[PDB]
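A.B. asks: Contents of upload-v1.cif (mmCIF, C-alpha atoms; chains and numbers go by the auth columns) are given next:
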data_query
#
loop_
_atom_site.group_PDB
_atom_site.id
_atom_site.type_symbol
_atom_site.label_atom_id
_atom_site.label_comp_id
_atom_site.label_asym_id
_atom_site.label_seq_id
_atom_site.Cartn_x
_atom_site.Cartn_y
_atom_site.Cartn_z
_atom_site.B_iso_or_equiv
_atom_site.auth_seq_id
_atom_site.auth_asym_id
ATOM 1 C CA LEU A 1 -0.138 17.498 -11.079 0.00 1 A
ATOM 2 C CA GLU A 2 -0.048 13.717 -11.282 0.00 2 A
ATOM 3 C CA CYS A 3 0.438 11.914 -14.617 0.00 3 A
ATOM 4 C CA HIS A 4 0.516 8.365 -15.904 0.00 4 A
ATOM 5 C CA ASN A 5 4.047 7.027 -16.130 0.00 5 A
ATOM 6 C CA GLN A 6 3.814 3.416 -17.279 0.00 6 A
ATOM 7 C CA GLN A 7 5.232 2.287 -20.600 0.00 7 A
ATOM 8 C CA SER A 8 3.496 0.796 -23.572 0.00 8 A
ATOM 9 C CA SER A 9 0.751 -1.711 -22.649 0.00 9 A
ATOM 10 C CA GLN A 10 1.720 -2.132 -19.020 0.00 10 A
ATOM 11 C CA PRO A 11 -0.818 -1.742 -16.217 0.00 11 A
ATOM 12 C CA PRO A 12 -1.480 1.958 -15.593 0.00 12 A
ATOM 13 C CA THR A 13 0.491 3.681 -12.846 0.00 13 A
ATOM 14 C CA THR A 14 1.078 7.307 -11.834 0.00 14 A
ATOM 15 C CA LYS A 15 3.578 9.743 -10.348 0.00 15 A
ATOM 16 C CA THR A 16 3.406 13.279 -9.024 0.00 16 A
ATOM 17 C CA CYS A 17 5.231 15.902 -11.088 0.00 17 A
ATOM 18 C CA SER A 18 7.617 18.557 -9.754 0.00 18 A
ATOM 19 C CA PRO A 19 5.976 21.778 -8.533 0.00 19 A
ATOM 20 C CA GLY A 20 5.060 24.176 -11.358 0.00 20 A
ATOM 21 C CA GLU A 21 4.458 21.374 -13.847 0.00 21 A
ATOM 22 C CA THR A 22 1.191 21.766 -15.707 0.00 22 A
ATOM 23 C CA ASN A 23 1.791 19.146 -18.396 0.00 23 A
ATOM 24 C CA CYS A 24 1.597 15.358 -18.852 0.00 24 A
ATOM 25 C CA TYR A 25 2.778 13.714 -22.091 0.00 25 A
ATOM 26 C CA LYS A 26 2.346 10.508 -24.062 0.00 26 A
ATOM 27 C CA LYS A 27 4.853 9.705 -26.814 0.00 27 A
ATOM 28 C CA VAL A 28 4.651 6.799 -29.304 0.00 28 A
ATOM 29 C CA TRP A 29 7.267 5.605 -31.789 0.00 29 A
ATOM 30 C CA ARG A 30 8.626 2.422 -33.390 0.00 30 A
ATOM 31 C CA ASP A 31 12.149 1.110 -33.212 0.00 31 A
ATOM 32 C CA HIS A 32 13.879 -2.283 -33.383 0.00 32 A
ATOM 33 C CA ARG A 33 12.118 -3.318 -30.138 0.00 33 A
ATOM 34 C CA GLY A 34 8.634 -2.762 -31.537 0.00 34 A
ATOM 35 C CA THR A 35 6.256 0.067 -30.654 0.00 35 A
ATOM 36 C CA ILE A 36 7.177 2.016 -27.532 0.00 36 A
ATOM 37 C CA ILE A 37 4.893 4.344 -25.590 0.00 37 A
ATOM 38 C CA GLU A 38 6.383 6.571 -22.926 0.00 38 A
ATOM 39 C CA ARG A 39 4.218 8.570 -20.531 0.00 39 A
ATOM 40 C CA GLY A 40 5.184 11.167 -17.969 0.00 40 A
ATOM 41 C CA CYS A 41 5.302 14.758 -16.728 0.00 41 A
ATOM 42 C CA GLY A 42 5.831 17.748 -18.994 0.00 42 A
ATOM 43 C CA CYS A 43 5.674 17.987 -22.739 0.00 43 A
ATOM 44 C CA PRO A 44 8.672 17.670 -25.099 0.00 44 A
ATOM 45 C CA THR A 45 8.877 19.192 -28.592 0.00 45 A
ATOM 46 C CA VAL A 46 7.208 17.599 -31.619 0.00 46 A
ATOM 47 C CA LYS A 47 9.653 15.354 -33.488 0.00 47 A
ATOM 48 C CA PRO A 48 9.367 13.495 -36.770 0.00 48 A
ATOM 49 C CA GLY A 49 8.761 9.770 -36.336 0.00 49 A
ATOM 50 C CA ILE A 50 7.148 10.286 -32.919 0.00 50 A
ATOM 51 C CA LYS A 51 3.457 10.777 -32.183 0.00 51 A
ATOM 52 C CA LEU A 52 3.055 13.125 -29.228 0.00 52 A
ATOM 53 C CA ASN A 53 0.058 14.165 -27.170 0.00 53 A
ATOM 54 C CA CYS A 54 0.173 16.555 -24.219 0.00 54 A
ATOM 55 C CA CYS A 55 -2.872 17.066 -22.005 0.00 55 A
ATOM 56 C CA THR A 56 -3.592 19.087 -18.877 0.00 56 A
ATOM 57 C CA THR A 57 -5.913 17.039 -16.666 0.00 57 A
ATOM 58 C CA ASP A 58 -5.167 14.360 -14.102 0.00 58 A
ATOM 59 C CA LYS A 59 -4.279 11.006 -15.673 0.00 59 A
ATOM 60 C CA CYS A 60 -5.203 12.245 -19.138 0.00 60 A
ATOM 61 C CA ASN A 61 -2.247 10.519 -20.852 0.00 61 A
ATOM 62 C CA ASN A 62 -3.341 7.403 -20.517 0.00 62 A
#
The structure given in the file should be rewritten as structure tokens.
C.D. replies:
Amino acid sequence: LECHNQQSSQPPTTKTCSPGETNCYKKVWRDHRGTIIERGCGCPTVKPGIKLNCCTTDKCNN
């Protein structure tokens, strides 16, 4: 599996996940810096204050 890994509004990039990984994630929240989006491999738990999407196809987390 490859997923997108760039932050926020930066130009899209990608990485290959570790073997066995079937998830990509995108995670959006606000803090003192502004709005942050983090993208990568896997899928963390749902947390208050964070909008999370996890998807299972190449480059889906754009």
A.B. asks: Name every residue that the PyMOL selection byres ((chain A and resi 47-56) around 7) selects in this structure, writing the answer as a list in words with chains first and numbers rising.
C.D. replies: residues 22, 23, 24, 25, 26, 27, 28, 29, 43, 45, 46, 57, 58, 60 and 61 of chain A
A.B. asks: Restricting it to C-alpha atoms, dump the selection as a PDB file, keeping the file's coordinate frame.
C.D. replies:
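Listing of selection_16.pdb after writing:
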ATOM      1  CA  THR A  22       1.191  21.766 -15.707  1.00  0.00           C
ATOM      2  CA  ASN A  23       1.791  19.146 -18.396  1.00  0.00           C
ATOM      3  CA  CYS A  24       1.597  15.358 -18.852  1.00  0.00           C
ATOM      4  CA  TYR A  25       2.778  13.714 -22.091  1.00  0.00           C
ATOM      5  CA  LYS A  26       2.346  10.508 -24.062  1.00  0.00           C
ATOM      6  CA  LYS A  27       4.853   9.705 -26.814  1.00  0.00           C
ATOM      7  CA  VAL A  28       4.651   6.799 -29.304  1.00  0.00           C
ATOM      8  CA  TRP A  29       7.267   5.605 -31.789  1.00  0.00           C
ATOM      9  CA  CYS A  43       5.674  17.987 -22.739  1.00  0.00           C
ATOM     10  CA  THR A  45       8.877  19.192 -28.592  1.00  0.00           C
ATOM     11  CA  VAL A  46       7.208  17.599 -31.619  1.00  0.00           C
ATOM     12  CA  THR A  57      -5.913  17.039 -16.666  1.00  0.00           C
ATOM     13  CA  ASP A  58      -5.167  14.360 -14.102  1.00  0.00           C
ATOM     14  CA  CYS A  60      -5.203  12.245 -19.138  1.00  0.00           C
ATOM     15  CA  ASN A  61      -2.247  10.519 -20.852  1.00  0.00           C
TER      16      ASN A  61
END
A.B. asks: Taking the file as I've supplied it (selection: the PyMOL selection byres ((chain A and resi 36) around 10)), which residues are included? Please answer as a list in words.
C.D. replies: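 Applied to this file, the PyMOL selection byres ((chain A and resi 36) around 10) selects residues 7, 8, 9, 27, 28, 29, 30, 31, 32, 33, 34, 35, 37, 38 and 50 of chain A.
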A.B. asks: Rounded to one decimal place, report the atom CA of residue 5 of chain A-atom CA of residue 20 of chain A distance in Å.
C.D. replies: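 Answer for the atom CA of residue 5 of chain A to atom CA of residue 20 of chain A separation: 17.8 Å.
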A.B. asks: Between atom CA of residue 21 of chain A and atom CA of residue 41 of chain A, what is the distance, to one decimal in Å?
C.D. replies: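 For atom CA of residue 21 of chain A relative to atom CA of residue 41 of chain A, the distance reads 7.3 Å.
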A.B. asks: For a test of reading the model, state the distance in Å between atom CA of residue 12 of chain A and atom CA of residue 62 of chain A, rounded to one decimal.
C.D. replies: 7.6 Å
A.B. asks: Tell me which residues the PyMOL selection byres ((chain A and resi 1) around 6) grabs here, as number ranges by chain.
C.D. replies: A: 2, 16-17
A.B. asks: Could you take the residues named above and write them with C-alpha atoms, as a PDB file, in the frame of the given file?
C.D. replies:
ATOM      1  CA  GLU A   2      -0.048  13.717 -11.282  1.00  0.00           C
ATOM      2  CA  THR A  16       3.406  13.279  -9.024  1.00  0.00           C
ATOM      3  CA  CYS A  17       5.231  15.902 -11.088  1.00  0.00           C
TER       4      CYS A  17
END
